[PDB]
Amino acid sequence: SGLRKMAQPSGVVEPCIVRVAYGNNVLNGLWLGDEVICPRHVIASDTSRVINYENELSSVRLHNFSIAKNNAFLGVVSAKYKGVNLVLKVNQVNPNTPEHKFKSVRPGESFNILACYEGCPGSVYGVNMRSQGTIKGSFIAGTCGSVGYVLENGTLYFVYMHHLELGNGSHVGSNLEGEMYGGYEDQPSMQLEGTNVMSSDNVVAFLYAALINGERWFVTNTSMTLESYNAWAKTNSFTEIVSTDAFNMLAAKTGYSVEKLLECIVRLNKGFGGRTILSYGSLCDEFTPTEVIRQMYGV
């Protein structure tokens, strides 16, 4: 038993992390085949003031890049912007390039952060994409270019590269195709996060996890239909739920229907009344149905 925010193993990703230096900036890049992807602000002379990315790119000389894996240096032969990412061609093919794909993550979807410092992987932890396109990712200075990945269906996906922290502390990155999540821009300017919508599927998953791990005080003799829940959700900042199908396994193993947990959400959203569920004092949407099933019953 037990519920913890976990990350999938980082082994296959670690050999792809390199140190990218330009000028007085140092951050992290992703080395796959003969190219390195990194945040394009590594070439910005002053990341604390407004950045003219056109001018910065004209100013670039390839020989000013320093790219290193451990301390074997990789020479850059070509550089281009792709969206908010720099794509740098190097002569050396990463001999440990894993089989992989690029995709993005949706609100509610969980993924793994390999947080890196100046080319050195330092920690790994699970996060969850929020509706405004931000994560709570505990990034600090020196961690830009840190990589988010998912393992799903035996496929390694790269889904995130870290760029910046908003004023409210939320974290903003791009996918590996240079599109910033949330449409935020890679500028030190004031950018507002906005209305965060709770992932309903995840909250249902949380309550199932609660049931499996011993906690049951919140369930009553009431259940509400999926439609009625989706009506409620659309005006209380919760996602609609498409299908109960995702939880079948969880309903079967616990004997609790999705419709009962839906009613629980409506109630519990108004407070826990002092009590806690799995130590949390409020509903938590950071765990997907998949994460819960994995953790409770094996991959």
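Quick note: we count residues from 1 along the sequence shown, nothing fancier.
When the mean C-alpha temperature factors of 192-200 and 125-133 are read from the deposited coordinates, 192-200 comes out higher.
If you average the C-alpha B-factors over 159-167 and over 211-219, the higher value belongs to 211-219. For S228, the recorded CA temperature factor ranks within the middle third of the chain's modelled residues.
For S138, the recorded CA B-factor ranks within the highest third of the chain. Only modelled residues enter the ranking.
When the modelled residues of the chain are ordered by their C-alpha B factor, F287 lands in the lowest third. In the PDB entry, a CA B factor belonging to the middle third of its chain's modelled residues is recorded for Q92. Among the modelled residues of its chain, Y149 has a C-alpha B-factor that falls in the lowest third, as given in the PDB entry.
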